[PDB]
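The chain below stands alone, shown as structure tokens; this is the form deposited in one PDB entry.
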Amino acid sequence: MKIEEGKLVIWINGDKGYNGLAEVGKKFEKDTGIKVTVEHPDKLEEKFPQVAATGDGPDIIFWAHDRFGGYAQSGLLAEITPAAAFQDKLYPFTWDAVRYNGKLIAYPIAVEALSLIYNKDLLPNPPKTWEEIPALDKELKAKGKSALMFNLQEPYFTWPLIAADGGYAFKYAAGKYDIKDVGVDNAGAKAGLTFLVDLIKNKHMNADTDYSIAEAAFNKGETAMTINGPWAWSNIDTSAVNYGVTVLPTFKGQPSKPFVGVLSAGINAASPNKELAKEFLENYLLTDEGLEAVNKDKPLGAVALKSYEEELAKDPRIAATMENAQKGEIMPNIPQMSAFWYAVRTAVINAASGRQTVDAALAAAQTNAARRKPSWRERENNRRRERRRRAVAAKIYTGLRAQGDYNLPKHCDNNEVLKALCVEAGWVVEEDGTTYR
């Protein structure tokens, strides 16, 4: 898709309140005539850097702030320049999450953190430590239930356990993140992931469990605990499960440290609708009535708008979310974040399946998370170099074929030409190419 003047197309993840955001777009259209289409395509955070490099893509893209710095480095986002009065409507730290190289690159919407979700009926007293989960599962298995199921395919859900005992992504020193200092391979990281793998080896968890599998098992009352964000609450509300949201369990006496995301909206740098997107975001979405329509669909978490967050903060589920977010850290937005997430995703999946041990999976993840992505020109230098190496050799064999009179067969590879050249220079070449004078 290409965006056109006069219409607004929005991308937002399929687990967010896209139907509520479409209501906000319908009110926008009612007051300005600008149609607003909300879409939730799969892997949007991956498709956007591909399509936006040539002017394609949506007008607005919704994602956690950790992806936007990579978008900004590639020149895909329009600089966000809201009035000082509007910046004051949002919490400063939410603005910090969308500041890259001194510039605001997106509008912050909501603060998201994973928490522990548990079935009050099956488990009135949720556990406080990770270590007492294997025993808890033994009790529930005798009843036909399981202790805990959560998404093992995305390292977002596993990172709180990895980070508890000291595992970290990029070290922050003296005002900046050091991208060569990755801490996914330390003792704290190995201890957390080994406990995860140990849960699978002892049949307390399934390596293939994914989002929908874990969501269904909890919402059907088959498992007593899940780990998820505020977006998942509305599906449990409609189910018959009476649930609570509380602090994540400790590991080795240390709190789980979830990576905190700030759902943000960036404007495509190629959109002839920048003013309309700025108007819709500032005056329609980032208002009480606008965030309410989205929040009633799928809860947003702790919204960046002060006026509406003073209402939402009364929800004890939001207070638990903040409790977990205080125990965690706001994610970096640096372009390296995507390479960090891929490497950890592979490390968690490979160790949970048994394809790799914990030590080997994390050692390679540390190398990958710090691997410098080669520039386009570097790739091009290599391609041209090998193209030139072949062209020189091709010319040589072209000259030997046309001028050697080498008593060649009708069809032969250039190796047979090279062999003929060797005997002419006084060499002996055997069949496997062994050569001597």
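Numbers follow the displayed sequence, beginning with 1.
Omitted from view is the form deposited in another entry, to which the following refers.
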Hinge between rigid parts between this form and the one not shown, from 111, 160, 184, 38, is 111
Look at the CA atoms of residue 211 and residue 40: state whether they lie closer or farther apart in the other form than in this form, given a difference of 3 Å or more. farther
Have a look at residue 211 and residue 71: in the other form, are their Cα atoms closer together or farther apart than in this form, given the change is 3 Å or more? farther
